[PDB]
Amino acid sequence: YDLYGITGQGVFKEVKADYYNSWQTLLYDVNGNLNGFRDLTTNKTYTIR
Amino acid sequence: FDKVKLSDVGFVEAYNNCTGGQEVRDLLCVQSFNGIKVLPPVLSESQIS
């Protein structure tokens with residue numbers, strides 16, 4: 001993938017998340033990995049492994 | 001074995017939930033993804049018992 005500039009590879013699993021307020025979109029973990037993502041064109045949520 | 005979660009036989013059980021992509025929030029599956037995986041010992045724990 002290349003999600004909005006962020007480069008990486010893995011799976012996508014659609015899970016109905018919550019509380020991505022308005023500006024905060026990309027869900028990082030504690031270690032600076034990408035652990036979750038919101039698309040700006042569909043208002044949908046995902047979780048990356 | 002009831003008290004300690006990460007016992008000797010429990011490691012490969014903890015590694016088997018890593019591959020499927022379910023409830024992958026624990027830290028042990030992340031360590032195997034970067035090569036630091038615990039190996040089982042030579043004798044099984046059934047054998048020493």
# chains A, B, ... in the order shown; residues from 1 in each chain; ligands from 1
>>> select_by_dssp(residues="chain B", states="alpha helix (DSSP H)", output="ChimeraX atom specification")
/B:10-19,28-33,45-48
>>> write_last_selection(atoms="C-alpha atoms", output="CSV table (one decimal), in the first residue's frame")
chain,number,residue,atom,x,y,z
B,10,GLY,CA,1.9,-22.1,26.4
B,11,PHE,CA,4.3,-20.3,24.1
B,12,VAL,CA,3.5,-22.2,21.0
B,13,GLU,CA,-0.2,-21.8,21.9
B,14,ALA,CA,0.6,-18.1,22.2
B,15,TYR,CA,2.3,-18.3,18.8
B,16,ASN,CA,-0.6,-20.1,17.1
B,17,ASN,CA,-3.1,-17.3,17.6
B,18,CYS,CA,-0.6,-15.0,16.0
B,19,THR,CA,-0.9,-16.3,12.4
B,28,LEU,CA,4.3,-11.7,21.6
B,29,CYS,CA,3.1,-11.9,18.0
B,30,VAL,CA,5.0,-8.6,17.2
B,31,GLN,CA,8.3,-10.1,18.5
B,32,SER,CA,8.0,-13.1,16.1
B,33,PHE,CA,7.4,-10.7,13.2
B,45,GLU,CA,7.4,-30.5,29.4
B,46,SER,CA,5.4,-33.7,29.3
B,47,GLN,CA,8.6,-35.6,29.2
B,48,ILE,CA,10.2,-33.9,32.2
>>> interface_residues(of="chain A", to="chain B", cutoff="9 Å", atoms="only C-alpha atoms", output="MDAnalysis selection string")
chainID A and resid 11 13 49
>>> select_by_dssp(residues="chain A", states="strand (DSSP E)", output="list in words")
residues 2, 3, 6, 7, 12, 13, 27, 28, 34, 35, 36, 37, 38, 45, 46, 47 and 48 of chain A
>>> residues_around(residues="residue 23 (chain A)", least_positions_apart="5", cutoff="12 Å", atoms="only C-alpha atoms", output="count of residues only")
3
>>> atom_distance(atom1="CA of residue 18 (chain A)", atom2="CA of residue 45 (chain A)")
8.4 Å
>>> atom_distance(atom1="CA of residue 17 (chain A)", atom2="CA of residue 41 (chain A)")
16.2 Å
>>> residues_around(residues="residue 37 (chain A)", least_positions_apart="2", cutoff="9 Å", atoms="only C-alpha atoms", output="list in words")
residues 3, 25, 26, 27, 28, 34, 35, 39, 44, 45, 46, 47 and 48 of chain A
>>> write_last_selection(atoms="C-alpha atoms", output="CSV table (one decimal), in the first residue's frame")
chain,number,residue,atom,x,y,z
A,3,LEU,CA,-1.9,5.2,2.1
A,25,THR,CA,-7.1,10.1,11.2
A,26,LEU,CA,-4.1,7.7,11.3
A,27,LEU,CA,-3.9,5.4,14.3
A,28,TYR,CA,-0.3,4.7,15.4
A,34,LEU,CA,1.0,2.1,11.7
A,35,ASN,CA,-1.8,0.2,13.5
A,39,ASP,CA,-9.9,6.8,4.5
A,44,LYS,CA,-14.6,4.0,6.7
A,45,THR,CA,-12.2,2.4,9.2
A,46,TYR,CA,-9.6,-0.3,9.0
A,47,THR,CA,-6.9,-2.1,11.1
A,48,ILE,CA,-3.6,-3.1,9.7
>>> atom_distance(atom1="CA of residue 14 (chain A)", atom2="CA of residue 33 (chain A)")
18.3 Å
>>> decode(residues="chain B", atoms="C-alpha atoms", output="PDB file, in the first residue's frame")
ATOM      1  CA  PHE B   1       0.844 -23.828  35.159  1.00  0.00           C
ATOM      2  CA  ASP B   2      -2.438 -22.144  36.075  1.00  0.00           C
ATOM      3  CA  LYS B   3      -0.732 -19.081  37.524  1.00  0.00           C
ATOM      4  CA  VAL B   4       1.913 -18.271  34.920  1.00  0.00           C
ATOM      5  CA  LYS B   5       0.431 -17.365  31.557  1.00  0.00           C
ATOM      6  CA  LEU B   6       3.578 -17.630  29.432  1.00  0.00           C
ATOM      7  CA  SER B   7       4.625 -21.096  30.507  1.00  0.00           C
ATOM      8  CA  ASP B   8       6.700 -23.438  28.369  1.00  0.00           C
ATOM      9  CA  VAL B   9       3.918 -25.274  26.553  1.00  0.00           C
ATOM     10  CA  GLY B  10       1.889 -22.063  26.409  1.00  0.00           C
ATOM     11  CA  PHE B  11       4.350 -20.276  24.135  1.00  0.00           C
ATOM     12  CA  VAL B  12       3.489 -22.211  20.984  1.00  0.00           C
ATOM     13  CA  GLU B  13      -0.159 -21.792  21.891  1.00  0.00           C
ATOM     14  CA  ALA B  14       0.573 -18.081  22.156  1.00  0.00           C
ATOM     15  CA  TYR B  15       2.279 -18.255  18.786  1.00  0.00           C
ATOM     16  CA  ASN B  16      -0.572 -20.124  17.122  1.00  0.00           C
ATOM     17  CA  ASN B  17      -3.075 -17.317  17.649  1.00  0.00           C
ATOM     18  CA  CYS B  18      -0.580 -14.984  15.954  1.00  0.00           C
ATOM     19  CA  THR B  19      -0.888 -16.275  12.395  1.00  0.00           C
ATOM     20  CA  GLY B  20      -4.656 -16.238  11.984  1.00  0.00           C
ATOM     21  CA  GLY B  21      -5.104 -12.504  12.292  1.00  0.00           C
ATOM     22  CA  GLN B  22      -7.559 -12.603  15.189  1.00  0.00           C
ATOM     23  CA  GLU B  23      -7.242 -10.578  18.427  1.00  0.00           C
ATOM     24  CA  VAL B  24      -3.739  -9.557  17.334  1.00  0.00           C
ATOM     25  CA  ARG B  25      -3.112  -6.918  19.973  1.00  0.00           C
ATOM     26  CA  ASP B  26      -0.637  -8.780  22.183  1.00  0.00           C
ATOM     27  CA  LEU B  27       3.080  -8.127  22.076  1.00  0.00           C
ATOM     28  CA  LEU B  28       4.321 -11.698  21.552  1.00  0.00           C
ATOM     29  CA  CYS B  29       3.118 -11.857  17.952  1.00  0.00           C
ATOM     30  CA  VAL B  30       5.000  -8.641  17.223  1.00  0.00           C
ATOM     31  CA  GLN B  31       8.279 -10.104  18.458  1.00  0.00           C
ATOM     32  CA  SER B  32       8.005 -13.073  16.112  1.00  0.00           C
ATOM     33  CA  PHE B  33       7.393 -10.730  13.199  1.00  0.00           C
ATOM     34  CA  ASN B  34      10.881  -9.295  13.659  1.00  0.00           C
ATOM     35  CA  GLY B  35      12.664 -12.591  14.210  1.00  0.00           C
ATOM     36  CA  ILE B  36      12.879 -12.523  17.987  1.00  0.00           C
ATOM     37  CA  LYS B  37      10.882 -15.654  18.678  1.00  0.00           C
ATOM     38  CA  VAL B  38      11.159 -17.936  21.649  1.00  0.00           C
ATOM     39  CA  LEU B  39      12.045 -21.471  20.770  1.00  0.00           C
ATOM     40  CA  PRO B  40      10.811 -24.501  22.658  1.00  0.00           C
ATOM     41  CA  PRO B  41      13.441 -26.426  24.619  1.00  0.00           C
ATOM     42  CA  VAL B  42      14.715 -29.870  23.661  1.00  0.00           C
ATOM     43  CA  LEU B  43      12.703 -32.010  26.047  1.00  0.00           C
ATOM     44  CA  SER B  44       8.966 -31.486  26.135  1.00  0.00           C
ATOM     45  CA  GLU B  45       7.385 -30.497  29.405  1.00  0.00           C
ATOM     46  CA  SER B  46       5.366 -33.693  29.274  1.00  0.00           C
ATOM     47  CA  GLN B  47       8.631 -35.629  29.176  1.00  0.00           C
ATOM     48  CA  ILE B  48      10.226 -33.946  32.188  1.00  0.00           C
ATOM     49  CA  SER B  49       6.961 -34.444  34.062  1.00  0.00           C
TER      50      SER B  49
END
